[PDB]
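*Asks:* Generate coordinates for the sequence data below:
(chains A and B)
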Number of protein chains: 2
Amino acid sequence: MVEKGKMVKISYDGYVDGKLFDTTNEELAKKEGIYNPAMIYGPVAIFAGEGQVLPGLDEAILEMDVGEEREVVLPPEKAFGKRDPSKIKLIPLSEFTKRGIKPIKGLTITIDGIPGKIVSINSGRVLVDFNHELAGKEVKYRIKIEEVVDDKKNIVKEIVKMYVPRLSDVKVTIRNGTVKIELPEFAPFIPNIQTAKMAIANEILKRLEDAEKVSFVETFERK
Amino acid sequence: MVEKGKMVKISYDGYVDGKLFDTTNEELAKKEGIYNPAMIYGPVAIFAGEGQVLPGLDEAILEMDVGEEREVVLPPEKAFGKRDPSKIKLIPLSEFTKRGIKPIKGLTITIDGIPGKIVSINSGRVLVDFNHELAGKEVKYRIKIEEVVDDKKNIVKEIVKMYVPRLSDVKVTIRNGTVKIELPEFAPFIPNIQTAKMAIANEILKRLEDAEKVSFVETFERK
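*Replies:* Numbers count the residues shown, from 1 in each chain, chains lettered A, B, ... in the order given. Structure as follows:
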């Protein structure tokens, strides 16, 4: 059943048109010929049906129990999205050169956060499609609940890691409505750390109910 | 006598060629026709002869005692600097256009941190002088020791302020070799804060002897 909000270490196998596209197995990543030089592998810690992952796996994680695995089939409606017509627009040649780009069929461009694909350069105006690569297609998914965590101190720690990979270890210290985080002496030097902290905060609050204050204690010592 | 290292709230009147050039009196700033839209006025907290201010006032603060004032006269050797010949160099026209600037007599330019003044555009090469405006001249100074602070908790606080004006209030909490700084809830949002903190640290250590660890405790709460 897995209540809404309880942290789960899930692990996913993602197929589309038979070919595998997304997963958490690095050894399987080589053996399929796809690898992200940025993504972190192993059981991805997510929250119970809080809309963290795809809505289809989201409802499926709810149905599932700790340890249980299945071949979940996700319709495009409940997976990546049904291909919106209005998301196919014809953007002029100006708004194109205005971004230092010659319109090239196939080449993809971004307008206002939303990226998109040049379909055909119609002498004058350009046809661009703003739908996700995997929109409309149906995904065969294989998800397993690797473990569940339900002890505040630890939950916090996982969040911290979910946001800053480099932060494998930290002292948490719950004192009723407060969550003390004592970060390693290298922490204050992480590029864009304050941002993280103030995001790490959000989540700790947004999820952990017996928490109304988050604290980051940084230390400096001389050599 | 004022021992080396004890924090002092000094206040300065600075004359050069009769005209007043530097001071801590905002009301006198208008009444003389010079004002920095950035500088903060009132007794500037500095450390006892640690080379914080001009070496001349530095040795004079040592001679002086709390409350005492004088008309200290500073030679260019012990004030701003004696005008170095080698600091007058002839930089080529390339290194000039290479910085998007047409060489103009009077206009000042910077090369490698060190700013300097275009003296004469000698058809081909440019004569540039890299000496501080007030170098060579002699300064008439009027300095008064407004107060002295010698209690750790408080000393810390002044440093914090010396670095981040916005931080008028903070909880310090000395626990033997450690200095706990508890910063207001807006602190983590100050632009370039980590930098400050890690600088604030330095000083706290560099000065306060019974301190080997500095700590910054930031907090986040939701609205």
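*Asks:* can we go C-alpha only for contacts and neighbour counts from here?
*Replies:* Noted.
*Asks:* Identify all contacting residues around the helix or strand harbouring residue A:62.
*Replies:* In this assignment (DSSP states H and E), residue A:62 forms part of helix A:55-63. Contacts of helix A:55-63 from elsewhere in the structure, counted by Cα atoms under 8 Å, 6 or more residues apart in numbering or on different chains, are A:1-4, A:48-52, A:72, A:74, A:78-79, A:143, A:145.
*Asks:* Now the element after that helix, going C-ward?
*Replies:* With elements assigned by DSSP H and E, the helix or strand that comes after helix A:55-63 is strand A:69-74.
*Asks:* from the middle of its chain, how far away would that next one be?
*Replies:* Averaging C-alpha positions (Cα atoms, centre = their mean, to the nearest Å) puts strand A:69-74 19 Å from its chain's average.
*Asks:* same deal with stretch A:113-127?
*Replies:* Centre-to-centre, stretch A:113-127 and its host chain are 28 Å apart (Cα atoms, centre = their mean).
*Asks:* Break chain A into its domains for me.
*Replies:* Per the record, chain A has its domains at A:1-87+A:132-149, A:88-131, A:150-223, by curated CATH domains.
*Asks:* Out of those, the one nearest residue B:184 is which?
*Replies:* domain A:150-223 (11.7 Å; Cα to Cα).
*Asks:* Now the residue lying closest to residue A:221 once chain neighbours are set aside, what are its backbone angles?
*Replies:* Nearest-residue entry for residue A:221: residue B:213, 5.1 Å, with adjacent residues in sequence omitted and distances by Cα to Cα, 6 or more residues apart in numbering or on different chains. Note on residue B:213: backbone dihedrals following degrees, to the nearest 10 are phi -150, psi 140.
*Asks:* The helix holding residue A:62 to strand A:69-74, inter-axis angle?
*Replies:* For helix A:55-63 against strand A:69-74, the angle by axes from the mean of the first three to the mean of the last three Cα atoms, to 10 degrees is 140 degrees.
*Asks:* Give the buried residues for the lengthiest helix in chain A.
*Replies:* Longest helix of chain A, by residue count under DSSP state H: helix A:193-207. Within helix A:193-207, the residues scored as buried using 16 or more other Cα atoms under 10 Å in any protein chain shown are A:194, A:197, A:198, A:199, A:200, A:201, A:202, A:204, A:205, A:207.
*Asks:* As a markdown table, these with distance to chain B would be great.
*Replies:* As requested, those are exported to a markdown table (distance: Cα to the nearest Cα, whole Å):
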| residue | distance to chain B |
| --- | --- |
| A:194 | 7 |
| A:197 | 9 |
| A:198 | 7 |
| A:199 | 10 |
| A:200 | 10 |
| A:201 | 6 |
| A:202 | 8 |
| A:204 | 10 |
| A:205 | 8 |
| A:207 | 12 |
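*Asks:* Which pair of those spans the longest distance?
*Replies:* A:194 and A:207 (20.1 Å).
*Asks:* near chain B, which residues of chain A show up?
*Replies:* A:188-189, A:194, A:198, A:201-202, A:205, A:212-222 (Cα under 8 Å from any Cα of the partner chain).
*Asks:* now with 10 Å?
*Replies:* A:178-182, A:188-190, A:192-195, A:197-202, A:205-206, A:211-222 (Cα under 10 Å from any Cα of the partner chain).
*Asks:* I'd like to know how far residue A:153 sits from chain B.
*Replies:* Remark: distance between residue A:153 and chain B (Cα to the nearest Cα, to the nearest Å) = 17 Å.
*Asks:* try residue A:42
*Replies:* Residue A:42 is 30 Å from chain B, by Cα to the nearest Cα.
*Asks:* I'd guessed that residue sits against residue A:13; true?
*Replies:* No. In this structure, residue A:42 is not within contact of residue A:13 by Cα atoms under 10 Å, at 11.5 Å.
*Asks:* Okay, helices next: where are they in chain A?
*Replies:* Applying DSSP H to chain A gives helices spanning A:26-30, A:55-63, A:94-97, A:152-163, A:193-207.
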